[PDB]
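What follows is one structure encoded as structure tokens, with my remarks underneath.
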Amino acid sequence: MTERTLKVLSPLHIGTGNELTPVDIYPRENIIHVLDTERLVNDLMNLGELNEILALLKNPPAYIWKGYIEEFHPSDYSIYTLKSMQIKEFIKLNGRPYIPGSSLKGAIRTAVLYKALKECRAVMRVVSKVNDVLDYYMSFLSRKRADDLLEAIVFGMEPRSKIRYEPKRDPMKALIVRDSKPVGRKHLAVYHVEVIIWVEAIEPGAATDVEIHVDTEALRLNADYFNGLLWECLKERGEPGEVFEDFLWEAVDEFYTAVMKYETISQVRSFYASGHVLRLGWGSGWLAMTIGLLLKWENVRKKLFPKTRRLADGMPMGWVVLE
Amino acid sequence: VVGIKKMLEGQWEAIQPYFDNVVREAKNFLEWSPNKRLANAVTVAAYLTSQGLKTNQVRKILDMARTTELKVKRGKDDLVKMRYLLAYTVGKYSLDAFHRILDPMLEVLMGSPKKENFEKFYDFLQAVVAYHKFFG
Amino acid sequence: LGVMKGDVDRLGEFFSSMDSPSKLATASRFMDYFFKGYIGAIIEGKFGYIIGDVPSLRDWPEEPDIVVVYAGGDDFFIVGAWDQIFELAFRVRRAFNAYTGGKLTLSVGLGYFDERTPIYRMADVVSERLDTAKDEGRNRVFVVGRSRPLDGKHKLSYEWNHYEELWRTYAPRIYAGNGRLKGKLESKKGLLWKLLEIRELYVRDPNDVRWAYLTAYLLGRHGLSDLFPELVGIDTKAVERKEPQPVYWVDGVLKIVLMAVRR
Amino acid sequence: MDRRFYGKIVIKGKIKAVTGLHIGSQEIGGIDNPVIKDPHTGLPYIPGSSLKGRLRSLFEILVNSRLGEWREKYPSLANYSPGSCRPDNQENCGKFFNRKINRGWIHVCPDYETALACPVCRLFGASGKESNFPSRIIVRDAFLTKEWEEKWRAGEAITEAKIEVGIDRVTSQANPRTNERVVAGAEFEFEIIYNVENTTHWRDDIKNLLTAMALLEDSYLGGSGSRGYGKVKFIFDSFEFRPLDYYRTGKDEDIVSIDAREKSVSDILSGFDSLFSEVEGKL
Amino acid sequence: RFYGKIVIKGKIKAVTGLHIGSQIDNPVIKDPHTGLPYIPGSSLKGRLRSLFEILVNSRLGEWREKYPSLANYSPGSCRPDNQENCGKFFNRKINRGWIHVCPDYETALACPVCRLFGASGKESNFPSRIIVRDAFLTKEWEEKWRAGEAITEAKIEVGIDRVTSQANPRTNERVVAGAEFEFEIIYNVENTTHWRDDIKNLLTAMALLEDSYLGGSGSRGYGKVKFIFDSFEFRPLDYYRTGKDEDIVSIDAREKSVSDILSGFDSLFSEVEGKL
Amino acid sequence: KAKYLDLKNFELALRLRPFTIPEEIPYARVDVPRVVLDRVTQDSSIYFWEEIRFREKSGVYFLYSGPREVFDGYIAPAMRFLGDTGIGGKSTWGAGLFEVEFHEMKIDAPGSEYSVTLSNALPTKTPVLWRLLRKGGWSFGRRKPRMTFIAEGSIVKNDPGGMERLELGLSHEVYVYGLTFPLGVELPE
RNA sequence: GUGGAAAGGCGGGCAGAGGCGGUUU
Ligand SMILES: [Zn+2]
Ligand SMILES: [Zn+2]
């Protein structure tokens, strides 16, 4: 069973590897227009030079990179807002914005890793071939591999170090997700984040179909091979091949509604009270990335916080709900 | 020695700035010999490592040299020169030190016979990137 | 199958130094006893204090799979396993150096063959390698097959002191023994075939067309640069004497290790 | 014993990347994890090793899920038990995944006579000791079309640099990664050639090859397809049986199945007896 | 007895990358001096014979009347009983494999496989009529080697476990796809009756070679050889004594292996059929 | 232990004057493995095969001393037939095929009684200095007996050689060549 | 009146398993 369409309830943005300096951008009206340089430079080359690159290599004063093309005379993504600004762009395969599947698979794992450490137990998972674990992790912790030990005792355990997390033991390789359909030019828009940076994102009111599918044939082969604390918690119920999906969408619901209740602890407060609740990247805070909601913790985080909390246009920065 | 600079690389950018400014003083295409071309490339990448520039930030420019390299080899240059300028715009800082070596080479290349001078330009630009990773 | 064949060089000159027939009686009988009597103790691991440390691929067994076919006054044809034919080639020469006073030496040709090859053809190839190692400098071993340039400055066969110096330099960095690579160089089986693909750029055209920075690139992207620093930068000491580069002589040390860590 | 030739069924079409694929190999500047490319043209292809090997893989798990059902159709499937020979390091201890290659166990029949009865090893071949049953299919390397080669001439992007990040859960520090990926939508001319060795059971092999394709349209094709990098699609251009006489007289009278705008599931489920009714008349 | 030598000259194109191998871990065959790969005459003749023996194995009943030596053979191999020639088509055992080789001159004179490819036999022999010359690179594909381009490439294939996804890599040196070689086949016209049947049978096996592979992995998609025919010359019996150009030349510039038999054998060869 | 000399150094050796050997040999004898495949169950069973491979401009020549009318009618038409068939060896794999060209070469040889043979000779009397080449052959699938020839470079004193006729039980007589090809030489004392 | 005649270096083998370009002030 597939075609698990998503709706957006908030501005949502995927960071990408690019940013847009104001040489590419000039809003002639309130609609911010994104032009391409290759059609602007080469068509001006028939009308004439190193003076075009000298203003480009300067990056000074922008306003002067606009009037030359306005008088004596393009199209692109045309992402409207609805200077000295740096728009963090969204991911586009051909100028068409889509949601990457590797981003949606990661938001599920932080919920599933929370439920596995909540049901615990762990001494039976390390009872074999080791050569409720949060309370020992504070003494264990006393560009980083801090989840290299916690996820190895929860997802995939292989035998220098006692546990080193070979990927072959992982029950997450049966869950396949695929990249969603492209959203469209009209549902991509530029917004301003006010931290209690200009970014283009997806406004609420869009619908694209991400196609989540579960491979049952791998768990039948790997019934003996998996060494996860996830696996013990998911085989103990019984019917692990048919119980994995059941465990999947209940970790999606019980984690992010527990984060939503802690977040409530005016106009944004009405958004919290008013499908499957899921929270994606760049918008979720460290707590919604982290088992720090379960987390001793202040002594660990002082050496390794609820200070900053971003928001754009009266709304939090990610809430996407599936079926 | 090529291996001796790695012992010293691991204010030090100023001592190699005379080596980069001397190489930027000579801008004629094929003005150095085959052994002298690679000896310039050791001084470039050692200068580009003290004020270090990552290969990614350069990676769009390295793409346009390579897609043309299949099109030159039995298959234009201003498209690379337009990208080599615009990538140097969004610095921050050491992108100007990499622009002072491309743009003298690309201004001469801008009008040049295509089959020979670009294939000789492509050997120097490999050794800059190639030797840049050998030091870091 | 490893097949070694060698002889003692300038031996007819040495027997012509004798004044009396009692000196010919002594010179031809001590010479014969090294190959008749004392070459069997070299195979049995004896005399290792005098020999020291030779280029080996494994610890020397108590019963080596070595078959001595023929071993005359100054000749010796020996077949067996290739990794122990290789070590016996250096163990015999280092002990032949101690038996004489350094005045007489050994040319040795080595070969590596398919098993189900006719023995007239194994003998024909190593006889063509023993005189290839003899007309050049005559105190030199022919370890492995080699592609070379035709410029006349490049000789296929290593001097004896040269190849043991390249083994003390290059081999303990990349190799641990018994068909196992050095620690943190596991899963680099494809890495060491790249360095011999770089080395074949030198064979098509010398005088540094491309090989100097490509070595620095492949050592660069893997994070290991202590591996072979003499290959990345051109040797001015090599250019001033018109001798080959240090990337040319590393064929004989890599290709022996690639066959030993095949599986 | 008694190898005979009746002709070849040739399947031509266009593999399409509905989501961008990645096959990859272990240039100087470039993405850390690049994609395999043609050494003469620089365009990223799809190898025949990667397409045959994924079809043989997906068809072997399709047998172990139904060893109760496939056993009555084919002999020598009662020679073993379901599972792998991974715990007991033995080349034939009675499991389906019997032969190890270097460290991993793949189902390979050990004898010529047991490979002529297995559905996996008739179509794909065996190579036992003293045995060597050769394959009945050829899966060519799949290059770009004549259309998508012109897109590389005009400057449109064939590849892409996808950037991914693994986030440390506790400290929220990010480790970035870059992976080369063919742009989604690109198409590839593939070719699959079945040798009609026995007119008795050519019909079972065509249904078993097309069963494995529809499994591969459900799963991915190479390189991290649990994240989206598969979603591949077979589009059938032509379907053609070249009879033995074809190679004698050279005339272009060799019988053809239209297969136009039809899926891999349409060729088996909707019209297998209607389309192949004319192949059976010549055989 | 001798009448002339029909010579076929053409270009062999590697549409997919080719492997033959000599024993980068699996190196292809090369020249000992220059280092360039080629295609041996043994690999091309041995594949054309193998493809055509399976063609004749399937048609032993229908070709008894045209080739009277095929009445003595039943389809199959003599491998299930370790015994020499008795009834089966694949009768001769060389070392460990079974091959059709006719045992006499008078039997191989009327076999479609052995009148063309030859027979060893005992107490008599039958030599070949074709000569399959080695195929080196073209002169056009040789300066790419001189300019510095790669003529061989390294294909790294892996082996995946089905339960654990354990990967086990290996490497295979492979001649680059696209590369063009030049072949030549010299057919010795020994009998003026047998020559039309021998050129058709040689072109049939060349048409089976374009849908099968040539050397190497092949089932994994390596071989994929295409034949382009530059020219056909006849070189009659009178050419060899006087040296003047009596060479009857059949012209084929873009003709396929199928188009040389797509009714073209009867038409284009109207002059060789004239001067016998 | 050198085997060949070029024309500058071959003339100096006939007059016992000093000379040098060539540094490179223009060929290599190469061991190419072949295979035999079962047609049904493709079992590989290899054997080893020897071939002479030449350089890019190297090759093989032989000499002819006789009247032009015999060369124009017999030897020159034979070498165009033998260019398209083989010149000994596995000619079905393209071995022995070649293109023929004709030149003229001059050797400055001293005048004496003793002369070197540039061919196998089968001598009619005892030679002066020689090397025994013991070879047989094969003639239409019939094994020729091993005959004691003389090698190339062996020294005779007025010896024509002699052409041997072997019955061999064949439709026609088989003649084995065996004749001298003298160039004068100065022997030592 | 050729040290010849006959003989595919080949069969089987997914570059793959894991990873929210977003943290934080
Ligand atoms: Zn099977
Ligand atoms: Zn026959």
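Residues are named by chain letter and number: chains run A, B, ... in the order of the structure tokens, numbers start at 1 in each chain, and ligands are numbered from 1 in the order shown.
Using only C-alpha atoms (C1' of nucleotides), one finds that the residues of chain A close to chain G, at 8 Å or less, are residues 14, 15, 16, 17, 102, 103, 104, 105, 106, 107, 166, 167, 168, 170, 173, 280, 281, 282 and 286 of chain A.
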For this session: Might you pull out every residue within 9 Å of residue 272 in chain E, with only C-alpha atoms (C1' of nucleotides) counted and same-chain residues fewer than 2 positions away left off, and present them as a count of residues only?
Result: 9
Exercise. Hey, what's within 7 Å of range 252-267 of chain A if we count only C-alpha atoms (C1' of nucleotides) and toss same-chain stuff fewer than 6 positions away? As a PyMOL selection string, please?
Worked result: chain A and resi 108+111+276-278+288+314
Export, as an mmCIF file, in the first residue's frame, the selected residues with N, CA and C atoms.
data_model
loop_
_atom_site.group_PDB
_atom_site.id
_atom_site.type_symbol
_atom_site.label_atom_id
_atom_site.label_comp_id
_atom_site.auth_asym_id
_atom_site.auth_seq_id
_atom_site.Cartn_x
_atom_site.Cartn_y
_atom_site.Cartn_z
ATOM 1 N N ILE A 108 11.492 10.232 10.377
ATOM 2 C CA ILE A 108 10.861 9.056 10.956
ATOM 3 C C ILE A 108 11.786 8.400 11.972
ATOM 4 N N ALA A 111 11.847 9.663 15.565
ATOM 5 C CA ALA A 111 10.662 9.252 16.307
ATOM 6 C C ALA A 111 10.739 7.786 16.702
ATOM 7 N N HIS A 276 -1.248 11.705 10.385
ATOM 8 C CA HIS A 276 -0.052 11.387 11.153
ATOM 9 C C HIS A 276 0.855 12.610 11.232
ATOM 10 N N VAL A 277 1.174 13.031 12.454
ATOM 11 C CA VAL A 277 1.907 14.273 12.686
ATOM 12 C C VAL A 277 3.402 14.020 12.522
ATOM 13 N N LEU A 278 4.048 14.820 11.677
ATOM 14 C CA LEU A 278 5.452 14.650 11.337
ATOM 15 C C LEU A 278 6.075 16.028 11.159
ATOM 16 N N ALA A 288 13.402 18.772 18.672
ATOM 17 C CA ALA A 288 12.682 17.908 17.751
ATOM 18 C C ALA A 288 13.607 17.135 16.823
ATOM 19 N N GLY A 314 4.332 34.367 11.981
ATOM 20 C CA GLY A 314 3.369 33.869 12.943
ATOM 21 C C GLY A 314 3.206 32.367 12.998
#
Problem set entry | Spatial neighbours of residue 14 in chain B, max dist 12 Å, only C-alpha atoms (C1' of nucleotides), sep filter under 2 positions, as a PyMOL selection string | chain B and resi 11-12+16-21+46-48+50-51
Exercise. Could you pull out the alpha helix (DSSP H) residues of range 38-177 of chain C from DSSP and send them as a PyMOL selection string?
Worked result: chain C and resi 39-43+48-51+82-99+119-130+160-174
Problem set entry | Test item: residues no farther than 8 Å from ligand 2, counting only C-alpha atoms (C1' of nucleotides) and all ligand atoms, as a ChimeraX atom specification | /E:69-70,100-102,107-108,110-115,118-119
List all protein, DNA and RNA residues that have at least one atom no more than 12 Å from any atom of ligand 1, counting only C-alpha atoms (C1' of nucleotides) and all ligand atoms, and write them as a PDB file with N, CA and C atoms (P, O5', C5', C4', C3', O3' and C1' of nucleotides), in the first residue's frame.
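See part19.pdb below for the written result:
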ATOM      1  N   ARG D  56      18.544 -11.249 -11.041  1.00  0.00           N
ATOM      2  CA  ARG D  56      18.794 -12.561 -10.450  1.00  0.00           C
ATOM      3  C   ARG D  56      18.602 -12.517  -8.944  1.00  0.00           C
ATOM      4  N   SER D  57      18.967 -11.401  -8.310  1.00  0.00           N
ATOM      5  CA  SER D  57      18.778 -11.254  -6.870  1.00  0.00           C
ATOM      6  C   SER D  57      17.305 -11.236  -6.503  1.00  0.00           C
ATOM      7  N   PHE D  59      14.806 -12.352  -8.142  1.00  0.00           N
ATOM      8  CA  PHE D  59      14.118 -13.584  -8.486  1.00  0.00           C
ATOM      9  C   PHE D  59      14.447 -14.714  -7.520  1.00  0.00           C
ATOM     10  N   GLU D  60      15.571 -14.625  -6.812  1.00  0.00           N
ATOM     11  CA  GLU D  60      15.927 -15.641  -5.830  1.00  0.00           C
ATOM     12  C   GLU D  60      15.149 -15.484  -4.531  1.00  0.00           C
ATOM     13  N   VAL D  63      11.754 -16.903  -5.029  1.00  0.00           N
ATOM     14  CA  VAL D  63      11.639 -18.355  -4.957  1.00  0.00           C
ATOM     15  C   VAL D  63      11.520 -18.821  -3.512  1.00  0.00           C
ATOM     16  N   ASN D  64      12.331 -18.258  -2.609  1.00  0.00           N
ATOM     17  CA  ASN D  64      12.287 -18.656  -1.203  1.00  0.00           C
ATOM     18  C   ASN D  64      11.001 -18.260  -0.501  1.00  0.00           C
ATOM     19  N   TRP D  70       6.592 -23.424  -5.944  1.00  0.00           N
ATOM     20  CA  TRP D  70       7.444 -23.664  -7.105  1.00  0.00           C
ATOM     21  C   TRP D  70       7.985 -25.086  -7.163  1.00  0.00           C
ATOM     22  N   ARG D  71       7.861 -25.862  -6.081  1.00  0.00           N
ATOM     23  CA  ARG D  71       8.513 -27.166  -6.007  1.00  0.00           C
ATOM     24  C   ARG D  71       7.833 -28.191  -6.900  1.00  0.00           C
ATOM     25  N   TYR D  74       8.943 -27.406 -10.827  1.00  0.00           N
ATOM     26  CA  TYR D  74      10.324 -27.622 -11.209  1.00  0.00           C
ATOM     27  C   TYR D  74      10.949 -28.684 -10.320  1.00  0.00           C
ATOM     28  N   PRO D  75      11.614 -29.688 -10.883  1.00  0.00           N
ATOM     29  CA  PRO D  75      12.419 -30.590 -10.060  1.00  0.00           C
ATOM     30  C   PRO D  75      13.639 -29.871  -9.507  1.00  0.00           C
ATOM     31  N   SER D  76      14.312 -30.564  -8.590  1.00  0.00           N
ATOM     32  CA  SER D  76      15.538 -30.132  -7.912  1.00  0.00           C
ATOM     33  C   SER D  76      15.358 -28.843  -7.116  1.00  0.00           C
ATOM     34  N   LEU D  77      14.124 -28.490  -6.773  1.00  0.00           N
ATOM     35  CA  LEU D  77      13.887 -27.486  -5.755  1.00  0.00           C
ATOM     36  C   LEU D  77      13.594 -28.127  -4.409  1.00  0.00           C
ATOM     37  N   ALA D  78      13.408 -29.444  -4.386  1.00  0.00           N
ATOM     38  CA  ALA D  78      13.309 -30.221  -3.162  1.00  0.00           C
ATOM     39  C   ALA D  78      14.662 -30.722  -2.688  1.00  0.00           C
ATOM     40  N   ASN D  79      15.743 -30.141  -3.193  1.00  0.00           N
ATOM     41  CA  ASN D  79      17.100 -30.544  -2.874  1.00  0.00           C
ATOM     42  C   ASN D  79      17.634 -29.842  -1.629  1.00  0.00           C
ATOM     43  N   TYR D  80      16.824 -29.015  -0.972  1.00  0.00           N
ATOM     44  CA  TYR D  80      17.324 -28.112   0.055  1.00  0.00           C
ATOM     45  C   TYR D  80      16.189 -27.674   0.977  1.00  0.00           C
ATOM     46  N   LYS D  95      20.664 -25.798   1.778  1.00  0.00           N
ATOM     47  CA  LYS D  95      19.929 -24.546   1.755  1.00  0.00           C
ATOM     48  C   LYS D  95      19.938 -23.981   0.341  1.00  0.00           C
ATOM     49  N   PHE D  96      19.054 -23.011   0.106  1.00  0.00           N
ATOM     50  CA  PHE D  96      18.893 -22.467  -1.237  1.00  0.00           C
ATOM     51  C   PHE D  96      20.069 -21.579  -1.617  1.00  0.00           C
ATOM     52  N   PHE D  97      20.552 -20.766  -0.682  1.00  0.00           N
ATOM     53  CA  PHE D  97      21.707 -19.904  -0.925  1.00  0.00           C
ATOM     54  C   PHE D  97      22.956 -20.716  -0.615  1.00  0.00           C
ATOM     55  N   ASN D  98      23.367 -21.512  -1.593  1.00  0.00           N
ATOM     56  CA  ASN D  98      24.324 -22.580  -1.344  1.00  0.00           C
ATOM     57  C   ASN D  98      25.773 -22.207  -1.632  1.00  0.00           C
ATOM     58  N   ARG D  99      26.046 -21.408  -2.655  1.00  0.00           N
ATOM     59  CA  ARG D  99      27.421 -21.117  -3.043  1.00  0.00           C
ATOM     60  C   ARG D  99      27.833 -19.759  -2.512  1.00  0.00           C
ATOM     61  N   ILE D 106      25.196 -16.908  -2.525  1.00  0.00           N
ATOM     62  CA  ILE D 106      24.293 -16.689  -3.646  1.00  0.00           C
ATOM     63  C   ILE D 106      23.830 -18.053  -4.128  1.00  0.00           C
ATOM     64  N   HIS D 107      22.548 -18.169  -4.480  1.00  0.00           N
ATOM     65  CA  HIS D 107      22.023 -19.427  -5.001  1.00  0.00           C
ATOM     66  C   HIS D 107      22.628 -19.752  -6.354  1.00  0.00           C
ATOM     67  N   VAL D 108      23.428 -20.815  -6.403  1.00  0.00           N
ATOM     68  CA  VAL D 108      24.020 -21.329  -7.634  1.00  0.00           C
ATOM     69  C   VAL D 108      23.931 -22.850  -7.592  1.00  0.00           C
ATOM     70  N   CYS D 109      23.308 -23.454  -8.601  1.00  0.00           N
ATOM     71  CA  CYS D 109      23.288 -24.908  -8.687  1.00  0.00           C
ATOM     72  C   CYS D 109      24.683 -25.445  -9.006  1.00  0.00           C
ATOM     73  N   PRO D 110      25.055 -26.591  -8.436  1.00  0.00           N
ATOM     74  CA  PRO D 110      26.434 -27.066  -8.587  1.00  0.00           C
ATOM     75  C   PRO D 110      26.654 -27.991  -9.771  1.00  0.00           C
ATOM     76  N   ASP D 111      25.586 -28.507 -10.364  1.00  0.00           N
ATOM     77  CA  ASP D 111      25.714 -29.502 -11.414  1.00  0.00           C
ATOM     78  C   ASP D 111      24.871 -29.078 -12.610  1.00  0.00           C
ATOM     79  N   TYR D 112      25.266 -29.566 -13.791  1.00  0.00           N
ATOM     80  CA  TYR D 112      24.544 -29.249 -15.022  1.00  0.00           C
ATOM     81  C   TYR D 112      23.119 -29.778 -14.990  1.00  0.00           C
ATOM     82  N   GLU D 113      22.918 -30.955 -14.404  1.00  0.00           N
ATOM     83  CA  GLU D 113      21.610 -31.588 -14.465  1.00  0.00           C
ATOM     84  C   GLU D 113      20.638 -30.979 -13.470  1.00  0.00           C
ATOM     85  N   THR D 114      21.127 -30.520 -12.321  1.00  0.00           N
ATOM     86  CA  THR D 114      20.261 -29.812 -11.393  1.00  0.00           C
ATOM     87  C   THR D 114      20.050 -28.360 -11.790  1.00  0.00           C
ATOM     88  N   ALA D 115      20.867 -27.830 -12.703  1.00  0.00           N
ATOM     89  CA  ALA D 115      20.670 -26.475 -13.195  1.00  0.00           C
ATOM     90  C   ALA D 115      19.705 -26.416 -14.362  1.00  0.00           C
ATOM     91  N   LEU D 116      19.459 -27.540 -15.024  1.00  0.00           N
ATOM     92  CA  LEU D 116      18.498 -27.590 -16.112  1.00  0.00           C
ATOM     93  C   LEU D 116      17.074 -27.730 -15.598  1.00  0.00           C
ATOM     94  N   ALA D 117      16.901 -27.998 -14.304  1.00  0.00           N
ATOM     95  CA  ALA D 117      15.581 -28.065 -13.698  1.00  0.00           C
ATOM     96  C   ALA D 117      15.251 -26.858 -12.830  1.00  0.00           C
ATOM     97  N   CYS D 118      16.254 -26.136 -12.342  1.00  0.00           N
ATOM     98  CA  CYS D 118      15.999 -24.972 -11.504  1.00  0.00           C
ATOM     99  C   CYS D 118      15.524 -23.802 -12.358  1.00  0.00           C
ATOM    100  N   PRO D 119      14.486 -23.077 -11.931  1.00  0.00           N
ATOM    101  CA  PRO D 119      14.055 -21.910 -12.711  1.00  0.00           C
ATOM    102  C   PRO D 119      15.025 -20.750 -12.636  1.00  0.00           C
ATOM    103  N   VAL D 120      15.771 -20.629 -11.541  1.00  0.00           N
ATOM    104  CA  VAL D 120      16.749 -19.557 -11.433  1.00  0.00           C
ATOM    105  C   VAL D 120      17.938 -19.834 -12.341  1.00  0.00           C
ATOM    106  N   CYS D 121      18.372 -21.086 -12.427  1.00  0.00           N
ATOM    107  CA  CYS D 121      19.616 -21.375 -13.119  1.00  0.00           C
ATOM    108  C   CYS D 121      19.448 -21.853 -14.553  1.00  0.00           C
ATOM    109  N   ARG D 122      18.229 -22.113 -15.029  1.00  0.00           N
ATOM    110  CA  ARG D 122      18.064 -22.236 -16.473  1.00  0.00           C
ATOM    111  C   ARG D 122      18.212 -20.886 -17.144  1.00  0.00           C
ATOM    112  N   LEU D 123      17.597 -19.864 -16.574  1.00  0.00           N
ATOM    113  CA  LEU D 123      17.543 -18.571 -17.227  1.00  0.00           C
ATOM    114  C   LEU D 123      18.842 -17.795 -17.063  1.00  0.00           C
ATOM    115  N   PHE D 124      19.574 -18.016 -15.971  1.00  0.00           N
ATOM    116  CA  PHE D 124      20.748 -17.219 -15.656  1.00  0.00           C
ATOM    117  C   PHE D 124      22.064 -17.990 -15.683  1.00  0.00           C
ATOM    118  N   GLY D 125      22.047 -19.316 -15.605  1.00  0.00           N
ATOM    119  CA  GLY D 125      23.259 -20.106 -15.691  1.00  0.00           C
ATOM    120  C   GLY D 125      23.841 -20.457 -14.331  1.00  0.00           C
ATOM    121  N   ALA D 126      24.728 -21.460 -14.325  1.00  0.00           N
ATOM    122  CA  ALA D 126      25.202 -22.015 -13.062  1.00  0.00           C
ATOM    123  C   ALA D 126      26.698 -21.854 -12.815  1.00  0.00           C
ATOM    124  N   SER D 127      27.577 -22.454 -13.625  1.00  0.00           N
ATOM    125  CA  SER D 127      29.013 -22.633 -13.323  1.00  0.00           C
ATOM    126  C   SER D 127      29.245 -23.334 -11.983  1.00  0.00           C
ATOM    127  N   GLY D 128      28.916 -24.615 -11.953  1.00  0.00           N
ATOM    128  CA  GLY D 128      29.458 -25.479 -10.932  1.00  0.00           C
ATOM    129  C   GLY D 128      30.835 -25.991 -11.313  1.00  0.00           C
ATOM    130  N   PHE D 133      26.757 -24.749 -16.615  1.00  0.00           N
ATOM    131  CA  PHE D 133      25.563 -24.465 -17.409  1.00  0.00           C
ATOM    132  C   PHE D 133      25.597 -23.005 -17.852  1.00  0.00           C
ATOM    133  N   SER D 135      24.357 -19.343 -19.500  1.00  0.00           N
ATOM    134  CA  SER D 135      23.108 -18.612 -19.378  1.00  0.00           C
ATOM    135  C   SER D 135      22.293 -18.690 -20.654  1.00  0.00           C
TER     136      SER D 135
ATOM    137  P     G G  12      27.703 -17.382 -17.569  1.00  0.00           P
ATOM    138  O5'   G G  12      27.375 -17.260 -16.026  1.00  0.00           O
ATOM    139  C5'   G G  12      26.381 -18.049 -15.402  1.00  0.00           C
ATOM    140  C4'   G G  12      26.609 -18.047 -13.918  1.00  0.00           C
ATOM    141  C3'   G G  12      26.807 -16.677 -13.303  1.00  0.00           C
ATOM    142  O3'   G G  12      25.589 -16.047 -12.979  1.00  0.00           O
ATOM    143  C1'   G G  12      28.529 -18.113 -12.586  1.00  0.00           C
TER     144        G G  12
END
Per residue of chain E within 9 Å of chain C, what are the shortest atom pair and its distance in Å to one decimal, counting only C-alpha atoms, with rows by chain and residue number, as a tab-separated table?
residue	atom	partner	partner_atom	distance
E:24	CA	C:193	CA	6.2
E:25	CA	C:193	CA	8.5
E:33	CA	C:147	CA	8.9
E:146	CA	C:204	CA	8.8
E:148	CA	C:204	CA	8.9
E:171	CA	C:190	CA	8.4
For this session: Find the residues around residue 140 in chain E up to 12 Å (only C-alpha atoms (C1' of nucleotides) counted), leave out those fewer than 2 positions away in its own chain, and share them as a count of residues only.
Result: 14
For this session: Can you pull out every residue within 8 Å of residue 148 in chain F, counting only C-alpha atoms (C1' of nucleotides), but drop anything in the same chain fewer than 4 positions away, and send it as a PyMOL selection string?
Result: chain F and resi 122+132-135
Selected residues written out, C-alpha atoms, as a compact mmCIF listing (two decimals), in the first residue's frame:
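Generated output (again.txt):
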# COMPACT_ATOMS: atom_id res chain seq x y z
CA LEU F 122 72.55 -32.04 -45.74
CA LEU F 132 73.94 -30.08 -36.03
CA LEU F 133 70.34 -29.07 -36.63
CA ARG F 134 68.25 -32.23 -36.31
CA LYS F 135 64.77 -31.76 -37.78
Give me, as a tab-separated table, the closest atom pair and its distance (Å, one decimal) for every residue of chain B within a cut-off of 9 Å of chain D, counting only C-alpha atoms, rows sorted by chain and rising number.
residue	atom	partner	partner_atom	distance
B:55	CA	D:29	CA	7.6
B:56	CA	D:30	CA	8.6
B:59	CA	D:29	CA	7.0
B:62	CA	D:29	CA	6.4
B:63	CA	D:30	CA	7.8
B:66	CA	D:27	CA	8.4
B:67	CA	D:42	CA	8.7
B:70	CA	D:41	CA	7.3
B:71	CA	D:153	CA	8.8
B:126	CA	D:28	CA	6.8
B:129	CA	D:29	CA	7.0
B:130	CA	D:28	CA	6.5
For this session: Can you check which residues of chain C have any atom within 10 Å of chain F? Use only C-alpha atoms and format it as a PyMOL selection string.
Result: chain C and resi 114+116-118+121+125+150+152
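Proximity ranking of B:87, B:114, B:52, B:127 relative to residue 69 in chain B places B:114 first, based on only C-alpha atoms.
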Problem set entry | Who sits within 10 Å of residue 101 in chain B, only C-alpha atoms (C1' of nucleotides), same chain under 5 positions skipped, as a PyMOL selection string | chain B and resi 20-21+23-27+44+96+106+125
Exercise. In range 18-96 of chain A, what's strand (DSSP E or B) per DSSP? Answer as a ChimeraX atom specification?
Worked result: /A:19-20,25,34,87-88,92
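If you look at CA of residue 18 in chain A and CA of residue 310 in chain A, they are 21.2 Å away from each other.
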